[PDB]
There are 2 protein chains.
Amino acid sequence: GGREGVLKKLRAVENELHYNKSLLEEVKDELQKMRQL
Amino acid sequence: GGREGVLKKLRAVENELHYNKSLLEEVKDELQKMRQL
């Protein structure tokens, strides 16, 4: 039960997931785009 | 060391992953749409 290198690792994980999230939204926006042009 | 801010962080992580999951299915559905049939 020390301190937490674990929290630090989870924070990186959650930041990396938010980065994949903005990219996925970018893919989605680009798709709902070329469903026109 | 007895409680868990860790659990809380993991719960936000897992929720964020389920959000990317629905968007990824929305991408795939949109793709299998603008396809052959």
Side-chain angles (χ1 to χ4, degrees):
Chain A
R3 45 198 251 209
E4 264 120 342
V6 165
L7 270 184
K8 171 187 76 166
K9 173 87 135 309
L10 275 174
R11 206 196 318 311
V13 162
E14 182 300 317
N15 285 328
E16 294 173 26
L17 209 33
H18 172 90
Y19 175 90
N20 283 179
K21 167 188 152 39
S22 313
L23 196 46
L24 215 21
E25 301 277 11
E26 160 174 38
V27 166
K28 206 186 75 62
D29 301 336
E30 284 168 17
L31 272 183
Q32 310 193 300
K33 199 172 243 180
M34 50 156 261
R35 174 220 314 169
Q36 155 184 60
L37 297 202
Chain B
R3 58 195 254 209
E4 263 119 345
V6 168
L7 269 187
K8 171 187 76 168
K9 177 81 134 306
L10 272 178
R11 201 202 315 317
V13 162
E14 184 297 320
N15 280 335
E16 293 182 22
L17 214 33
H18 170 93
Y19 177 90
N20 283 177
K21 167 181 147 45
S22 315
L23 191 53
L24 210 22
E25 300 276 9
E26 155 173 38
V27 169
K28 198 183 88 58
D29 296 341
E30 287 169 13
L31 269 185
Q32 306 192 301
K33 203 171 239 176
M34 49 155 263
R35 166 218 285 182
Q36 171 220 71
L37 288 200

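The basis for the numbers below is simple: all heavy atoms, side chains too, and nothing from hydrogens, waters or symmetry mates. Numbered from 1 within each chain, the chains take letters A, B, ... in sequence-line order.
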Notebook entry, point to check: Is there side-chain contact between B:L23 and B:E26, with heavy atoms separated by less than 4.5 Å?
Noted result: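 Yes, side chains in contact.
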Checklist line | Heavy-atom check, side chain of B:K33 versus side chain of A:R35, under 4.5 Å | finding: no
Checklist line | Atom pair CD/CD of B:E16 and A:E16 - distance to nearest 0.5 Å | finding: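 The CD atom of A:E16 is 12.5 Å from CD of B:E16, to the nearest 0.5 Å.
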Notebook entry, point to check: Do B:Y19 and A:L31 share a hydrophobic cluster (ILVMFWY, side-chain heavy atoms under 4.5 Å, transitive)?
Noted result: yes
Checklist line | Top of A:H18, A:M34, A:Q32, A:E4 for chain B proximity - count of heavy-atom pairs under 4.5 angstrom | finding: A:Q32
Check: Looking at A:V27, A:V6, A:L24, A:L7, which makes the most heavy-atom pairs under 4.5 Å with chain B?
Finding: A:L24
Next item on the list: Side chain from CB out, backbone as N, CA, C, O: work out which of these in A:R3 comes under 4.5 Å of a heavy atom of chain B, or both, or neither.
Entry: neither
